[PDB]
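No Cβ is skipped: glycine too gets one built from the backbone with ideal geometry, and neighbour counts run over all protein chains shown. What follows draws every value from the coordinates through simple rules; no lab data is involved.
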Amino acid sequence: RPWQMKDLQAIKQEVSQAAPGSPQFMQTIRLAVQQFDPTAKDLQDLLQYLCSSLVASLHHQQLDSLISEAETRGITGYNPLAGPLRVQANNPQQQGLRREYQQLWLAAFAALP
């Protein structure tokens, strides 16, 4: 049950005025992420739709650092012999990795301003 075009259009329109990482944007994006239960691929699509290449790159770097610390510590469900967290989160049998990816994503995007 992935999102459709209308959901993305509403998500972008409702937060057109606000700035990335504002409390309003964080509310709406967090609700979307917690409601649709998407993988990393869909999150990348959503970010490309919402913010430009500059904000995309900044979030990419911040999320790289956050994932770096998180999975360098060692995580309950992460096994580094199978692939990067971006790929484990895309397997529907690793929901723990998917939820960790979602939370790192939202925190990284919130850490912009």
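Working out 0.36 nm times the residue gap between residue 49 and residue 82, then minus their Cα-Cα distance, what length gain in nm do you get to one decimal?
That works out to 8.9 nm of additional length.
Just need the relative contact order of the chain here, percent rounded to a whole number, with Cα pairs under 8 Å and 6+ apart.
Numbers: 82 pairs, mean separation 40.2, N = 113.
Contact order relative to length: 36 percent.
Taking the Cα centre of the stretch 5-111 as origin, sum charge times position over the Cβ atoms of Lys and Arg (+1) and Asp and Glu (-1), and report the length of that vector in debye to the nearest 20.
Computed charge dipole of the stretch 5-111: roughly 60 debye.
Calculated from DSSP H runs of 4 or more alone, at -39500 (n - 2.57) each and per residue, what is the 222 nm mean residue ellipticity of the chain, nearest 500?
It comes out at -21000 deg cm²/dmol, rounded to the nearest 500.
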